[PDB]
Amino acid sequence: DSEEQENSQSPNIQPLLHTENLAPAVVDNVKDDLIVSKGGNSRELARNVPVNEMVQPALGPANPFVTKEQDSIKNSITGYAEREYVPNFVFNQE
Amino acid sequence: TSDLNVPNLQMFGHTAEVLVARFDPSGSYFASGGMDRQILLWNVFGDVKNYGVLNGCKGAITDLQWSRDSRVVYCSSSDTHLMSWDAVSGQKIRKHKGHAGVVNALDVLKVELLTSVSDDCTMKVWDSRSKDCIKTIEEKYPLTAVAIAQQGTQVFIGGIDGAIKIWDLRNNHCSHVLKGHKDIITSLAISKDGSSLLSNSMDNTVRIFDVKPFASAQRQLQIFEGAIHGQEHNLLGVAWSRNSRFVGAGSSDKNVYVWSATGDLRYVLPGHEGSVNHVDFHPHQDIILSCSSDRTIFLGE
Amino acid sequence: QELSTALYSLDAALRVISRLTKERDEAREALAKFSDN
Amino acid sequence: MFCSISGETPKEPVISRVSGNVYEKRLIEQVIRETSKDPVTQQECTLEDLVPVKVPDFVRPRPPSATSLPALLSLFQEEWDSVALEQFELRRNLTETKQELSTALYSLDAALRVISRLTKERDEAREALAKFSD
Amino acid sequence: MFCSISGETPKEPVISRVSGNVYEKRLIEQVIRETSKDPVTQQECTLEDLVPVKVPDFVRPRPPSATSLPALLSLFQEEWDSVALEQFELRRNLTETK
Amino acid sequence: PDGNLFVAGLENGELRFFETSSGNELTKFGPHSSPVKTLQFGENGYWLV
Amino acid sequence: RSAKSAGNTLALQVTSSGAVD
Amino acid sequence: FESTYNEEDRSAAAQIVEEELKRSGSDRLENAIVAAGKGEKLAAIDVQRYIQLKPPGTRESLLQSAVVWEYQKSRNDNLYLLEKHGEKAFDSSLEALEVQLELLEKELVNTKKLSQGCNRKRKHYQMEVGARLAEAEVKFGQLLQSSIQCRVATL
Amino acid sequence: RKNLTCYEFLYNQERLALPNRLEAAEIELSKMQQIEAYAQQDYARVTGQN
Amino acid sequence: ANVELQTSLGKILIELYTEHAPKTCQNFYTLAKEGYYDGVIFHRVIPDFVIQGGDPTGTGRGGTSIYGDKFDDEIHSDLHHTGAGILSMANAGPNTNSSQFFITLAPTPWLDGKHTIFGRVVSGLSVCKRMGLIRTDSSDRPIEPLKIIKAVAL
């Protein structure tokens, strides 16, 4: 005995005004974040970005042919080396 | 999302570690200083170049403070002195002496009142012209950081003990301490409204306390992890946002930590080569300032 | 166009009323409990 | 390829200058005869504003039964009945949409009165809470 | 459906205002950019003289096969002129036979 | 008093509100109980009893 | 199977519909 | 808008609004006449008696025979014309139909993209303001607690 | 196109409406701050004996 | 369901397993309809393992489905990686499928887990066999850009 027509049809696309937006809102931001962050490359990232999307997955089937030598990322043949501004006293004491 | 020419601007200068960098209250300037006994004044908008160098300090600039007039600069020196630098002309106005050790922190008042702590286990209140400490507070162990409420009766001092002591200058009644920390407190900061106290300690926990005459016990609002301290025992700073909804801190793992003041980490952005000494936020826009012991400082969003 | 416009504005105003009355009756019960003691 | 007025295929389409749209000669000429303007853009329009363009024209393949005779008169009658039925199905629909729009607008005004009353009640209730804080 | 400039069909058609012609957007903007002239009728033409397509509209389109009263009347008129031509020719033959 | 409409309460507590000129019921007010003994309108236009 | 790149990559069908490059 | 609601709340608000509602409150002449006719359908009737093919009778039978013969001749002419060319015109009609289909659907998906973009930006703005409103109301509640607790603590 | 224009309408109405909500909330914040300030100053006169 | 891939090495034809996994194939089908796969680099090529690609960024990351970020994978028993040419999906978690996919070059029986199987390459397998011999740098990435000129669905 209630006004089903005045309420059901009214919230049909009104729910879509809330439900349809959630569909492609997770597309524009996904590619834009990678474009801005990876546009600056792994070194010298240019866009300051909130933390929670910092897991940064490789998103691949995890190639199994690689052995233990190449599992590690390195500049020199032997390993990874980078600058660090340690004051003399702490380095010496430890 | 601001008036900066580039979203990120790496700033070069200095010949040694930089220990402090604070924005002008107006939001157009900021000065930095460190172990090179020099203070540099910057331009937040425009060419972002040096217009002045504050030479004359005979020690490391452990801390410096901007004046509300934004025309005089107060600096804390490792040589047991506090100098007042006239920003527009770059001349020594006055040199406040009286400590007996390295003076670790400094703070200014809303009214011409200065406060500082030093390794002589004392805290001193300075008038901008009296050239002598009007009031002296003597503690058992060296103190490391201060914050003065802009209303003008309460000073928070933090030292080796690990318990923040709240002192009333007029009353001399000290029977109220913000317990909760278990190691040396590197820095303190007060909110814009003067209602909350932000603390950093070498036990790797950043805590937030409420500055209100009444409390429902456990004045501890919430605690933050992630920002860690190294073995150099550096004094890492904490900052308050202009709207006082984001809290910030530096860490010895070269990361700048920004929170939402509600317990969730928001920004963990890296970018520094060494320990991040100080951090601040712009009073008008959404900029963040970074200060690290790798001769460099970064502008933010 | 006008029909859909009016109907969807009615839906929006209905939600405004819903939230308003909900927190309003909650606040009235809160005041009633508070004023009781 | 479809005129904006009736939807039929224009064998001699024309384009305007104020708003170039695919239009048909007889309809625009009769519109000018009624009112010497273009109601689409509310601007003065003359005969020269249309340009005869060249198109290959759209062929109309006749149905299996189209050779004048009943194969045309019966279909003419039936299409007449169909266009008549459409005329009714669009008139009555106009009227129903106008009634529904009126009802919805009245309901919307009622909801505005409701938001107003609940807003004053809100303001006074929050003020009552704040004064109870005393 | 054919372009005079290149000989290919225009992927995005456009009708020139100064002279009725179907162009493709790239080449027509090309010829406007190089000079303000018509590549066909050697008369001044501009970007605004190029008319894009606003085909969608809002009315119900109609089938140009059977359900068109203009089509029905045109078929009646073609029958009319066919029988008129027949009467023409047979009347001419009749007066010759007379 | 305007003469554009009128009201008429009913025994079951409902109120029959109809426009005087149109003569059609467009409002029912039924929050009361028992036969409503009387109703009289005011004179300033906005006072009712 | 371990042949790796012992030869130049075979000519590519270019984007200009050029059959081979 | 951003909220977690039950449809029962929708029904309750609808009954409030309807309660408040209850408390508060071309054509031509030939076409008009034939429309008054056909409102009850009343399909128009025209003579279809050219298939009965009247047996030998009066002048009606001769007239009927002649009209059937001439319609038949015209019919044969039209069919021979129709297969003078064949279904080539039919192929062109289909190609135009496909062109129109694709032309419509292109701007259809364009409009879908535009509407989705508007919805996304709407959701962004509304969500950020809603988060700010939520933090405001939470701080107000805690502040209420603080005020009442401090006032009683004064005693 | 129906829903597109409707969503444009909803965008305009929200953009007009929400700033008023924000202003109302901020005024509420200001008044609540004032009464809290007075209450805590009363407790501070109490604290003068501490 | 049928899609052509105009790749640099040649022509790739794929028939989609709509009957097995309908949800994960319709996105690929309509995606070729939209066709932003134009100029998309096969960023990953591993001798005898896979040829992965499908991200507009080209950085081995990204890729938006029609649903926008990710969706749910459907796998059932009869699907296997028993051959060389099975067209499957790329993910980085439990249900993290994106627009990018890969082509199998050797039986990967261990991989019939978290990866969705939704295609078989009927024609052009020689193109994939040649792609297996493409010059690759230290990381699993071809030195020259192995772009897809066009992707027409039929």
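Looking only at the stretch D:43-81, filter to residues that are in a loop (DSSP other than H, G, I, E, B) and acidic (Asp, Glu); which one of those is farthest from D:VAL22 (Cα to Cα)?
D:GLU44
Collect the residues in the stretch B:115-143 that are surrounded by fewer than 23 Cβ atoms within 10 Å (Cβ to Cβ) and either aliphatic (A, V, I, L, M) or outside any loop (DSSP other than H, G, I, E, B) (or both), keeping them in residue-number order.
Within the stretch B:115-143, B:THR122, B:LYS124, B:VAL125, B:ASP127, B:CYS133, B:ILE134, B:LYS135, B:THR136, B:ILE137, B:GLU138 qualify.
Considering (1) under 25 Å from E:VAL53 (Cβ atoms); (2) more than 21 Å from the chain's Cα centre (by Cα), say which one D:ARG33 fails and leave the rest.
(1)
Consider the stretch F:9-48. How many of its residues are assigned to a loop (DSSP other than H, G, I, E, B) and exposed (fewer than 10 other Cβ atoms within 10 Å of the Cβ)?
15
Against the definition (under 23 Å from E:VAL59 (Cα atoms) and part of a loop (DSSP other than H, G, I, E, B)), how does D:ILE28 come out, yes or no?
So D:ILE28 fails the test.
Can you name every residue in the stretch H:118-152 that is within 14 Å of chain A (Cβ to nearest Cβ), within 15 Å of H:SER3 (Cβ to Cβ) and among the hydrophobic types (A, V, I, L, M, F, W, C)?
Across the stretch H:118-152, the qualifying residues are H:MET127, H:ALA131.
Please work out which one of (1) more than 10 Å from chain H (Cβ to nearest Cβ); (2) of a type in the set (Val, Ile, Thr); (3) within 20 Å of the chain's Cα centre (by Cα) is the condition D:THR9 fails and give its number.
Of everything listed in (1) more than 10 Å from chain H (Cβ to nearest Cβ); (2) of a type in the set (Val, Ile, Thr); (3) within 20 Å of the chain's Cα centre (by Cα), D:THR9 misses just condition (1).
Condition check: outside any strand (DSSP E or B) and over 29 Å from B:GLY152 (Cα atoms). Does B:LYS49 satisfy that?
yes
Looking at (1) assigned to a helix (DSSP H, G or I); (2) under 15 Å from the mean Cα position of the chain (by Cα), find the lone condition where J:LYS33 falls short.
With respect to (1) assigned to a helix (DSSP H, G or I); (2) under 15 Å from the mean Cα position of the chain (by Cα), J:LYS33 is out only on (2).
Given (1) more than 11 Å from every other protein chain (Cβ to nearest Cβ); (2) closer than 30 Å to A:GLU20 by Cβ; (3) crowded, with 20+ Cβ neighbours inside 10 Å; (4) not basic (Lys, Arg), identify the lone condition not met by J:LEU154.
(3)
What's the number of the only condition in (1) surrounded by 15 or more Cβ atoms within 10 Å (Cβ to Cβ); (2) touching a helix residue (DSSP H, G or I) at 6+ places or on another chain (Cβ under 9 Å); (3) polar (S, T, N, Q) that E:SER19 fails to meet?
Every condition holds for E:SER19 apart from (2).
Identify, by number, the condition in (1) over 30 Å from H:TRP69 (Cβ atoms); (2) surrounded by 11 or more Cβ atoms within 10 Å (Cβ to Cβ) that D:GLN99 doesn't meet.
D:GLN99 satisfies every listed condition except (2).
Looking only at residues that are closer than 17 Å to J:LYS114 by Cα and touching a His at 6+ places or on another chain (Cβ under 8 Å) in the stretch J:48-73, which one is farthest from the other protein chains (Cβ to nearest Cβ)?
Step by step, filter the stretch J:48-73, then rank; the result is J:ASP73.
Take E:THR46 and tell me if it is more than 8 Å from chain D (Cβ to nearest Cβ) and either touching an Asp or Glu at 6+ places or on another chain (Cβ under 6 Å) or not charged (D, E, K, R) (or both).
Spelling it out, E:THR46 is indeed more than 8 Å from chain D (Cβ to nearest Cβ) and either touching an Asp or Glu at 6+ places or on another chain (Cβ under 6 Å) or not charged (D, E, K, R) (or both).
So is H:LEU82 surrounded by 12 or more Cβ atoms within 10 Å (Cβ to Cβ), closer than 30 Å to A:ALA25 by Cα and not β-branched (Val, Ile, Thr) or not?
No: the conditions fail for H:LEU82.
Under 8 Å between Cβ atoms, which residue pairs at least 6 apart in sequence (or on different chains) link something in the stretch H:13-32 that is facing another protein chain (nearest Cβ under 7 Å) and outside any helix (DSSP H, G or I) with a partner that is surrounded by 15 or more Cβ atoms within 10 Å (Cβ to Cβ) and not small (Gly, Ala, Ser)?
H:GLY25/F:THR27
Just to be sure I understand the filter: pairs with C-beta atoms under 6 Å, separated by 6 or more residues or on different chains, first member in the stretch A:38-51 and within 11 Å of chain B (Cβ to nearest Cβ), second member of a type in the set (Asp, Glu) and surrounded by 15 or more Cβ atoms within 10 Å (Cβ to Cβ). Which pairs pass?
Going by the 6 Å Cβ cut-off, the qualifying pairs are A:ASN48/B:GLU301.
Could you grab me the full set of residues in the stretch J:122-135 that are surrounded by fewer than 18 Cβ atoms within 10 Å (Cβ to Cβ) and not in a loop (DSSP other than H, G, I, E, B)?
J:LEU125, J:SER126, J:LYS129, J:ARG130 - these are the residues of the stretch J:122-135 that are surrounded by fewer than 18 Cβ atoms within 10 Å (Cβ to Cβ) and not in a loop (DSSP other than H, G, I, E, B).
Let me confirm something: among H:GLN64, H:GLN52, H:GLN126, H:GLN72, which residue is part of a loop (DSSP other than H, G, I, E, B) and more than 30 Å from D:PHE2 (Cβ to Cβ)?
From the options H:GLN64, H:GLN52, H:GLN126, H:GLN72, the qualifying one is H:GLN52.
Values in this text are rule-based calculations from the coordinates and carry no lab data. Because the Cβ atoms are built from the backbone with ideal geometry, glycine has one as well, and the counts that use them run over all protein chains shown.
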